[PDB]
Structures are given as structure tokens and as C-alpha cells.
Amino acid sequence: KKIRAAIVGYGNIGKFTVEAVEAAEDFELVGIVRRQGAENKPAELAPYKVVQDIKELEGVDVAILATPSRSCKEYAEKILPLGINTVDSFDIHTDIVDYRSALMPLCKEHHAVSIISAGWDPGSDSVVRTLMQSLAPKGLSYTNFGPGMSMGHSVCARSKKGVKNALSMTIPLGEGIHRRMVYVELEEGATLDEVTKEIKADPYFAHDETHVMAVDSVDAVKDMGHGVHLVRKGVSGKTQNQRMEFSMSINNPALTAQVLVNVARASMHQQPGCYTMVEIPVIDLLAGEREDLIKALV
């Protein structure tokens, strides 16, 4: 009956994934997999087994990979041979086709399911974007992110000479165009002008309107709040000017965690293989009998 889930990683996504699994009545949290295992166990993991390797856990249906994107394929290729399903929020848009092709034969060989790139973008937004395209298959779509923190752009800014700490905000200016507001703590003896020239030189910033401000504390300006505005204007049949929009004001990691739990659930109801979320019936994302959910939602 209840789905037996393991969480691999305890970054922000991992913490919010525990909360998402705890809140889902149709789930059992078997344990959390950390490199450091049970050592210095956080207070909120008291009730759960914490281990160094997933083999130390018993009867795992699905592994939720709360790991960095660069680590997703490695952990998947290692957990699939155990006859265990994997879900991840792998967020490098350019690598998604290759990541899917790689896992596909491995997934089939081991009669197991991998659902990749299942955050809100990629993931949830990917579904809405695909539906919107279908409603008017001629015309233009735009994905407008924020205001919110960009982990990618934040890490990139942190890595530059003179930067002790950095937060990069993504701001939507519409039609897929973004403004970047970078807030930096300066390392002793570095100037704002130097750090600014170094940040704006990087491809991640050089093609976007970028503002770099110095601050006493980066932590004092952090907020996990984020958003999207998906816009489509186009043609149904030959009927012009069909307009549709989708928007979110959400907690970024909290939502990603909830979608990961949803695809963990969905993975139990697919034929073996690797899937993106646009290949998953949305009803499989929810708990309950198909008929009760169709009455409620269709």
C-alpha cells in the first residue's frame, strides 16, 4: 500500500523533501542517505534512519535524488541496478535529452522507472508550457522567472575574485528577458568596481542587464520566495490572438520537494524506462483512486 521512499542528499531540497514525504499519508520515509551518515544528525531527522549508502536501507520502492544536478546520473546509474526507482530535479535544460537516452536502457534492463528533471522548472512548468503550446501550436511562448534567487548565478558570482559571499536575484522584464540584481560581501581590499567588471565579464551576466551592489550581509537579503510567468499568444486552427498565462508566487525549494514526492508516487504506475514530466499523466502526480480524482478535477 504505502510507498517506501529514501531521500538522497540533505541540502535545502532534502529538508523540504522530508516535510513533503511526512505530509503525504500514502508515503513511508524509510531513511535519508548522507555522505556523513547519522553523524551530527539534525534534530528534525531524529525519528528517521540516516545512512551513508542506500543499500543500508530496507524495502526502498523509490529514491528521491535531492543531490546537485552534476551528481544525478551517477547516483541514478548506481541505484537502478538495486531494482529501485529514481526521481530527480536535474535542471540543466541542454543535457535533458542525453540524460534521458542514457538512463532509458538501464531503466528497462532492471524493470524500474526514472523520472528526471522533475522540479517546477524544469518539471511542473514543462507540463503547463507543453499544454499551452498545444492550445495554440502557432505563435510565441515566454518563460519569465522571479523575482527570486538563482542558485546557478549566485554560485557563479561567489566564485569571482574579491567576492566573499554573493546572492544573484533573477528579475523578469517579460518576453524571456531578465535583469540580474547581484548583492556581494567584498573580501578585504577588493572594490565594488573590480568585482562588478569580473561578474559582468562572465557569459552568465554579460548578455543581461546586471546591477552589482555591496552589502554587509548576503544572508540578511536572502529569501527562498520565487515565481514564474509563462505567457503564450498564438493561433488555434486559423483563429488568431489566443492568449493564455500561468503564474506562481511560491517557496522555491518547498515546491521542488513536493513535485519530487509527486513523481516518486507517479513512478510506481509507469512501464519501465526514463520519463520527463511531459510524458507522465498529471493524475499519477496525485494520491487517490482515478475515479474520485476525475469527479473532483475533470
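Note that residue numbering follows the sequence shown and begins at 1.
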Checklist outcome for this item: Assert higher mean C-alpha B factor (98-106 or 183-191, deposited values) equals 183-191
Item to check | Higher-B stretch (mean Cα B-factor, as the entry records it), 55-63 or 233-241 | outcome: 55-63
Checklist entry - When you compare the CA B-factors of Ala257, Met248, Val50, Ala266 as listed in the entry, which one comes out on top? => result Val50
Checklist entry - Which of these has the highest Cα B-factor in the record: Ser134, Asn165, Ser124, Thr143? => result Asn165
Next on the checklist: Using only modelled residues of the chain, where does the Cα B factor of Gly273 rank: lowest third, middle third or highest third?
Outcome noted: middle
Checklist entry - Where does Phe90 sit by CA temperature factor within its chain: lowest, middle or highest third? => result middle
Checklist entry - Which third of the chain holds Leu45 when residues are ordered by C-alpha B factor: lowest, middle or highest? => result highest
Checklist entry - Thinking about Cα B factors across the chain, which third does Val261 belong to? => result lowest
Next on the checklist: Sorting by Cα B-factor within the chain, modelled residues only, which third would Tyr75 end up in: lowest, middle or highest?
Outcome noted: highest
